[PDB]
Amino acid sequence: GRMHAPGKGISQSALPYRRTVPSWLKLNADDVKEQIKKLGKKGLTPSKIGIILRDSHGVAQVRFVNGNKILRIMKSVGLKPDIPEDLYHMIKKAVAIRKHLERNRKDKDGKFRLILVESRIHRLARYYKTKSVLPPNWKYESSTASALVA
Amino acid sequence: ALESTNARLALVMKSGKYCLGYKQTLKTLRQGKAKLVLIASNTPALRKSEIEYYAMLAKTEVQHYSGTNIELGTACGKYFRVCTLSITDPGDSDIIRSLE
Amino acid sequence: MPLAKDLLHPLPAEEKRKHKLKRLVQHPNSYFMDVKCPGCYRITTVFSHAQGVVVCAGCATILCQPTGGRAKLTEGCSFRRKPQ
Amino acid sequence: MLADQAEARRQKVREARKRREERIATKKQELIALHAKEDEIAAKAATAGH
Amino acid sequence: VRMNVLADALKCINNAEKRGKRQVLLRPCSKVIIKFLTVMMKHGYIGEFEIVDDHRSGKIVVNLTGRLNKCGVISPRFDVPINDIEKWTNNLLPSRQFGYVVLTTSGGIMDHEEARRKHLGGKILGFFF
Amino acid sequence: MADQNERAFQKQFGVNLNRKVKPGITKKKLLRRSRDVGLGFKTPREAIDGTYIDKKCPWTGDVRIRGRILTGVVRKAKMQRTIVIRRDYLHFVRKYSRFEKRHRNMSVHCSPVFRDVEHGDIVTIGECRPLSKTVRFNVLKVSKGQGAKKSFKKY
Amino acid sequence: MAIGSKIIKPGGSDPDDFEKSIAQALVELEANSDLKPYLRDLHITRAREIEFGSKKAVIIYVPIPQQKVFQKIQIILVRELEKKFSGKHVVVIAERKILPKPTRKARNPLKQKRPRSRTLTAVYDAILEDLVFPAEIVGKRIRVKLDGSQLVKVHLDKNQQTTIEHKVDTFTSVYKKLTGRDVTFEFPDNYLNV
RNA sequence: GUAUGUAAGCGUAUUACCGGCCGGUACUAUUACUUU
């Protein structure tokens, strides 16, 4: 495991058995359907949208109170933007490569790390190219790394 | 300047309204319908001077964007340069009360 | 016994210290608690490893301690290990 | 011409395709209380006297 | 990566009785695998096997009586017609006496002598003795 | 596609404008005897009321489809009235009883009634007479043609 | 004088008398002064009264768009009906619209192109949760008997253990009468810290 | 008494029709694989 790495390490969540509890939660799936209309309209990513509901209210799992995945909860009220979220963190992480290595070169350890997220785009973006979540003839270009994220 | 102040603009592009140029900024500066004005450090010096004298009368607040016009012009989804900008309507973003 | 006959029915307490993941079923050690900050009165439910700064709508006393593990509040907390 | 074939969906004919539900659930939330008027009119007539 | 979910499940059974593990903790509850453990019980090779199901995959507990020698697997599923099943006996079994290779044809999963009476050609998954 | 652009004139041979004297009035709604293959394949509706000429068309030319019938996938379509399709199969070795991914490539001709076939669409194929040095097949039906992921969807 | 069906049995079926006799019992369950804001439209479709040799077990066909509100009333649905229909245990059981592909030479699917909530798992999963309704299932284990037969282990730690444990013998009957899987029900007292 | 390796009924396109359970006819997502 751990593709770009030597480690065998493993870190994740741990979902419980049942799919309805919290049943003691007086909160429904409907006010959180407004909360994504309230909070997710402020530009937040689908991961961190799902982290503010856990700590604050706190609903343990929105998959138990509502059936749809949260991008569909973005979409069914119209909050799915043009760009998928996780590469949008990578390309921002990719654009910080062309901010550190534009002037401070010789960092061939850092210049190793460009080859990761370019590959970690191009293997990853090939998957989303197929799934019709962004069209083909979408080619990542080097000058586009600034404006895709900004 | 910071990366975090750039994210405050990052929700204006989905929500808020815009004025790009001296002329589009100074037009709403005359009516005072703008709130926040942006100045990048490579602004020409009298242009770096002239905008903020309005702010002493229009009672608005400006910022010294520590980047360049090439990045600020691309920090807003465009590709052409940005030397000045006034966001006349903060749609959803949090520059309504935040200082740097 | 290393050559044991029962794996379906293990002893409970060693499973409680086994792992969050490697058990016979999947359930974490984490839970939810209902913290009342001692300078205030308001009821607030929060995760164990919350990984997030929480305050009330008007009662921002302590309510959390920022860490990588569980929120270890010393003498500034009152909650329970209970689904609410 | 191919772009606008089945395009009674976009602006108004989203809800004028969702009007199948807008004429049902909006009225019939009250008509069941109007269907149960035998124990609604006679219900509050008992609590007003007793 | 878990390449073939069949074969990895088989070998840990063989990696039990050598140090004498009478029990097997086993993963991950596929219905092609549930069609296979009872064939051992159909000739009484192992003990009692049970399956808890988590809502990811499920996992299997297997008790063992200790009568096995080795269960095996040909990989991948070679296509075998009727007239050439006998080639896969002598290369895989100690003799014609005991032991059982197990293929699966379009009618289901069975013994080879079962298949030698059912007469339908199919694909090898594994073997045991 | 065509406004009869040719340095000669193109017309389906075997029909004539016969105007007044006729056994009855056999208008037939167009003077174009569109045949059919009748091998279970439905005729395309655009072939009957077509303006295209296409002497090598299997529906409307001097062609009767023969041979066998197969399916497959298509790659290139630049050349005129002609697409480049691809078929897949396996091979059985002796040393291993194992298989391989080899393939052949047969160039084929299209009537314009299957206009706008692209990569990588799915097209069935049937045989006919030799056309010009390679082409002994003809396209039968745009059967599926659906890539639900990358090719067959708008954007 | 004695009103029965046509208030609750649509949109299901008018047979039968045993489904009709509880409908005269349903209208006197409307007089509980607390459920009358709800059961005026909570409809039924069918019913069944299958016995375990001596006592009967009553099957209630909820149509399930109202299972979100059928659940919180279900504490009071079973209790007042049991003292009126003693000693016949009652439980709501939603029979589903099972979409098969028939066991033929790959027989044709269309129509009803089979969403994944409409397969043979619903014979277990969509059925087992409604039989042991308030149990809060924690674990299902598949015991495999010798001659290709099966036992399933259904786990409930303490979640209202002290009110439905006298029905787990009845629960063993109707699950084998509806699905066929031989079942046992698991007690254990240990609050297994997770 | 027992066994289960047998077919039908029964948790369901166990297809539509005319015939004496029984002939004819309406009439089916594919491959690879294997069957004759």
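Don't worry about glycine lacking a Cβ; one is built from the backbone with ideal geometry, like all the others, and counts go over all protein chains shown. Computed from the coordinates by the stated procedures, all read-outs in this text should not be read as laboratory data.
Computed from backbone phi, the HN-Hα couplings of the range G:67-79 come to 6, 6, 10, 5, 7, 6, 7, 5, 5, 9, 5, 7, 6 Hz, rounded to whole numbers (Karplus: 6.51 cos²θ - 1.76 cosθ + 1.60, θ = phi - 60°; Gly and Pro given as x).
Between the beta carbons of G:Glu186 and C:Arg80, assuming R0 = 25 Å, the FRET efficiency works out to 0.35 to the nearest 0.05. Here's how it looks for F:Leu70: its modeled amide H is under 5 Å from those of F:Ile125, F:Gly126, which are all 5 or more places away or on a different chain. For F:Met106, put the label point 7 Å out on the Cα→Cβ axis and report which residues of the range F:69-94 keep their amide N under 17 Å from it. What the label zone holds, given the 17 Å backbone N cut-off, is F:69-76, F:82-90. Report summary: the helix-based calculation at 222 nm, which adds -39500 (n - 2.57) for every DSSP H run with n ≥ 4 and divides by the residues of chain E, gives -6000 deg cm²/dmol.
For chain D, the spread of Cα positions along the three principal axes, ordered from largest to smallest, is 72, 14, 6 Å. A straight Cα-to-Cα reach below 28 Å connects A:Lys99 with the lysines A:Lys42, A:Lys48, A:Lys108, A:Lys111, A:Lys129, A:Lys139, B:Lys14, B:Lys48, B:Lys78, residues fewer than 8 places away in its own chain not being considered. Rounded to the nearest 20, the Cβ-based charge dipole of the protein assembly as shown about its Cα centre (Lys and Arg +1, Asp and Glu -1) stands at 4580 debye. Looking only at the protein assembly as shown, where both bridge partners belong to it, what percent of the DSSP beta bridges are antiparallel (to the nearest 5)? Bridges in the protein assembly as shown are about 80 percent antiparallel.
With a Förster radius of 41 Å, plug the Cβ-Cβ distance of A:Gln12 and G:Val27 into 1/(1 + (r/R0)^6) and report the FRET value to the nearest 0.05. For A:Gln12 and G:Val27, the calculated efficiency is 0.15. Residue-wise HN-Hα couplings along the range E:20-37, as the Karplus relation 6.51 cos²θ - 1.76 cosθ + 1.60 with θ = phi - 60° gives them from phi, are x, 6, 6, 10, 9, 7, 9, 10, x, 6, 9, 6, 6, 7, 5, 6, 10, 6 Hz; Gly and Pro carry x. Applying the Kirkwood pairwise sum to the alpha-carbon positions of chain E produces a hydrodynamic radius of 15.3 angstrom. Ordering F:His119, G:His155 by the number of other Cβ atoms within 10 Å of each residue's own Cβ, fewest first, gives F:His119, G:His155. Taking the range C:9-84 as the region of interest, the number of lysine pairs whose Cα atoms are within less than 23 Å, with members eight or more places apart or on different chains, is 9.
Computed over the protein assembly as shown, the quotient of the alpha carbon radius of gyration and 2.2 N^0.38 Å is 1.27. Taking a ≥ b ≥ c as the square roots of the eigenvalues of the alpha carbon gyration tensor, chain B is rounded, as a/c is under 1.5. If you take all other residues with their beta carbon under 14 Å from the beta carbon of C:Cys56, and give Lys and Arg +1 and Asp and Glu -1, the sum is 0.
Between F:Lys76 and F:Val84, the built amide H atoms are under 5 Å apart, and every one of these is 5 or more places off in sequence or on another chain. Applying 1/(1 + (r/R0)^6) with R0 = 60 Å to the Cβ-Cβ distance of B:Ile96 and E:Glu86 gives a FRET efficiency near 0.10. Comparing G:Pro37, G:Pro102, G:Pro15 in a Gaussian network model of chain G where C-alpha atoms under 10 Å apart are linked, the largest mean-square fluctuation is found at G:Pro102. Straight-line reach from E:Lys70: taking Cα to Cα under 12 Å and skipping same-chain neighbours fewer than 8 places apart, the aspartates and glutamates in range are E:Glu17. Computed over chain A, the per-residue total of -39500 (n - 2.57) for DSSP H runs of n ≥ 4 gives a 222 nm mean residue ellipticity of -13500 deg cm²/dmol, rounded to 500.
Computed about the Cα centre, the dipole magnitude for the range A:67-150 is approximately 180 debye when only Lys and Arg (+1) and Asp and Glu (-1) carry charge, each at its Cβ.
Calculated mean residue ellipticity, 222 nm, chain F: -500 deg cm²/dmol, from DSSP H runs (n ≥ 4) at -39500 (n - 2.57) each, averaged per residue and rounded to 500.
In terms of its C-alpha gyration tensor, chain F comes out prolate, because a/c is 1.5 or above and the ratio a/b outweighs b/c. Mean-square fluctuations from a GNM of chain E, with a 10 angstrom spring cutoff on Cα atoms, peak among E:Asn69, E:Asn15, E:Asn91 at E:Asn91. Using a Gaussian network model of chain F in which every pair of alpha carbons under 10 angstrom is joined by a spring, one finds that among F:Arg68, F:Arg86, F:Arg102 the greatest mean-square fluctuation is at F:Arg102.
Between amide H atoms placed 1.01 Å from N, distances below 5 Å from G:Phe185 occur with G:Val154, all of them 5 or more places distant or on a separate chain.
Using a ≥ b ≥ c from the Cα gyration tensor of the range F:66-155 (square roots of the eigenvalues), is it rounded, prolate or oblate, where a/c under 1.5 gives rounded and otherwise the larger of a/b and b/c decides, a/b for prolate? Oblate, because a/c is 1.5 or more while a/b does not exceed b/c. Placing unit charges on each Cβ (+1 for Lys and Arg, -1 for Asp and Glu) gives the protein assembly as shown a dipole about its Cα centre, and among B:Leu36, E:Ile85, G:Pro15 the Cα reaching farthest toward its positive end belongs to E:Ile85.
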